[PDB]
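Each of the two blocks below gives one form of the same protein chain as C-alpha cells; they are labelled structure 1 and structure 2.
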Structure 1
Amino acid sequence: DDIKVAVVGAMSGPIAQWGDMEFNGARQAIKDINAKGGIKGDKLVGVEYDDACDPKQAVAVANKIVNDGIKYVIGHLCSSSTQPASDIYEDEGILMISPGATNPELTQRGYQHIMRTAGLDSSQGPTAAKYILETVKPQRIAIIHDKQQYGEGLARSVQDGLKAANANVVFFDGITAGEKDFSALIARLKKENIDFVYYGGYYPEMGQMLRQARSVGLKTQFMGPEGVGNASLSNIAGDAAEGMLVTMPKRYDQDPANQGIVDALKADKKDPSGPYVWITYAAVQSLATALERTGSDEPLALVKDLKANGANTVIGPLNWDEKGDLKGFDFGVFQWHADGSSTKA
C-alpha cells in the first residue's frame, strides 16, 4: 500500500523561505524515488503540515500526525519547534528525521526514535569562534541573539569559544524577534567602539540590523550562522550585506552528482542553491533506504538500520552515531555580497 510520510516545516511566518527549500527538496525526492519503482512497488506519499516554526503550532501538528496514523516524519524545520514535537513522537513510537534543526539538545536526551540530516551547532559555533580569533582578529566584540533556542544557543557557543581564548567580549545581549528599530543596539555599538558583532538568529533581523548600522556609518564587521544566509538577506540589507560573514553548509548544488536534480529544479523554475533543499532531499533518501533494505515498517528497526549501515545521499555518504547525529557535518565560512552571491573566505 501507499507509504505515508509527514513533511513538516514553515509554510507561513517570518522564515517561510527556509521552509520553501524544505518542501521543494522533499517533493523532488519523493518524485524521484517513485519514478524508479518506489519502495518495492509501494508509492511514497508526502503529507504536508505547516507548523510556522512556532513551538505551540508544532505540538498541534505532532498530535495531529499521531491521530492521522502516520509513522514517519521528515521534520520539523526549526530547533524550537522540532524539540517539543519530538517528545510526542518518541512517546508514540514514530520515526522523526529532522532536516533543519541544528541545536544539540534534540539528540542528547536518550530518544531512540529521533535522527537528523542537519548539522550540529556544537560544530557551527566553534567554527565561527575559530575564524574570529585567527583571521578577523577584532579588538572589541559584542554578541547579540534573538532569545530563541537556535540563535541564543549559537550565541552562547560563540561566547564560550571566544572566552576560552580570553578575547574581549564587551557585552552579550538579546533582541526580540520581529524588531524593526535597532537604533538602541546601534547606539551601544558606537558607545562601546565595537568593531565586530556575532548575531545568533535568522535573516529578517540580520538584514535590518545591517542596513541601519551602515545608515549612520558604523564600520562594524558582522557575522551570523546559516540561518541568516538566505536570498532574502541582501534584499533586506542592500549594500550593507557586502562583507557580511556567515557559516554555511557545503554547496551541494555544485556537486556534479547532483546536476540531474539541479536540472529538474530549474525546469520547475525553482532556486537550487539553498542548503536545505539538499539536506531535506537527503532525509527522504535515508528513510527510503531503510524501508528498502530491512523490508520493515517498525520505526525502531528503521533507525537501528540507519545507525548501523548508513545511507548514500545527495549531501554525501551519511554515517550516524548512536544518538542520531551525523558525523563529519562541517560548516565553512563565507563572505556575503550585495547581489546575494557569496564566496568562501
Structure 2
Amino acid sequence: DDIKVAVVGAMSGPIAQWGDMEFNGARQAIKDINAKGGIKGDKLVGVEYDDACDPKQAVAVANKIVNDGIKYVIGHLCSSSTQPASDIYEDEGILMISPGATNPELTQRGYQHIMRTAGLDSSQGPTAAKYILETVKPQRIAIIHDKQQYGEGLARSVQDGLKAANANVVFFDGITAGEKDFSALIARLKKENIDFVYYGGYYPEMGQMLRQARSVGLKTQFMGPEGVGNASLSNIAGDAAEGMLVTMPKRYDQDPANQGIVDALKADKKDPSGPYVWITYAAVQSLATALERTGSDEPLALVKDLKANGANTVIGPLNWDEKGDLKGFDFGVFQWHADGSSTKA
C-alpha cells in the first residue's frame, strides 16, 4: 500500500518562507526515495498541512491527521505549534519528527514518539572542543565567558571537553557584559602565554577583546559560538576579526554529495540554501530508513530503531539519544574575515 506521511508547517503567515523550505525538502526527499524503490516497492506519499505556525491551527491539523489515519508526521515547524501538537501525537501513538529548532523542552517531557532533526544550540560546545582538539591543537588555553546562560553554558561545555581530553586549560574566567576595557584580561593572556581562547558570549565583547588583543600584538587564536558571528563584529574589531573561528550551521547545499538535490531544487526555481530544506529532507530519510530496516509500520518501533541504529542523511550520519534529540551533531567551523565574510575550516 502507499505509505502516507504528513508534512506540517507554515504555508501562510510570517513563517511561510521557512515553511516553503520545509515543504520543498520533504517533497524532493519523497520523490528521490520513491525513485530508488520506495519502501520495498511501496511509495511514500506526502500529505501537506498548513498550520500557519499558529497553536490553534496546529491542534486542528493534529486532530485532522489522527482522523485521516496517518501514522507519521514530519513537523511542525515552530515551537508554539509543535508543542501542543506533540501532546496529541504522543497520546495517539503517532510518530512526529520535527525539523524546527527552537525549544529544548519539547524533548524533555518523556515523550517516546517524538524526535528532532535540528541540532540544539548547545551542541556547539562539544563541536568546538572537537575542532580545538583535532585541528587547532593549542598548547595553553584560556576559556572566557560573560556570566550569562548562553555563553557560560557553552564555555563550560568546552572546558569539560577539553579537560576530558587532557588539554591544558590554564584558566577559566567570567567578564562583565558591556565591558569596553579588556586591558587586564589581555595583559593576563600575554603574561600567561595563552595561544588559544574560547569565548562564550556575544559579538560586542568578542569584538572589543579582539581589538585589544591585536593592539598588544597577541598571536592568540580566538573562537566562539554563533553569537559572536555578526556583520557588525568586524565593525568594532576591524582587521582584528581576521582568522577568528566560529561555529555556525554547515552549509549543506555546498556538500558535493547534495548537488543532485541542489539541481532539482534550482530546476523547480526553489532556493536550495535554506537550512530547513536539508533538515526536513533528513527527517524524511530518517523515517524511510527506519521503515526499511525494521519492516514495521508501528511508530514506536521506528523511533526505537532510529535511537538504536541511526540514519545516513543529507546532513550527515545522525544518531539520537533516548529523549529524541540528536547526539553528537556538529555545526560547522568557519574562519571569519575582516570584511565580514566567513569560509569553512
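Residues that one form lacks are left out of the comparison. Here, residue number means position along structure 1's sequence, counting from 1. Take the two forms, find the largest set of C-alpha atoms that superpose within 1.5 Å, and that set is the rigid core.
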item: Hinge candidate matching the rigid-part switch between structure 1 and structure 2, set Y49, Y199, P249, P299; value: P249
item: Smaller-part rotation in degrees, where the chain is treated as two rigid parts between structure 1 and structure 2; value: 66
item: Per-residue Cα shift, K266, between structure 1 and structure 2 [Å; core superposed]; value: 1.1
item: Shift in Å of the C-alpha at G119 between structure 1 and structure 2 after core superposition; value: 2.0
item: Core-referenced Cα shift (Å), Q212, between structure 1 and structure 2; value: 30.6
item: Moved runs of 3+ residues, each with a C-alpha displacement of 2 angstroms or more between structure 1 and structure 2 on the rigid core; value: 121-249, 328-345
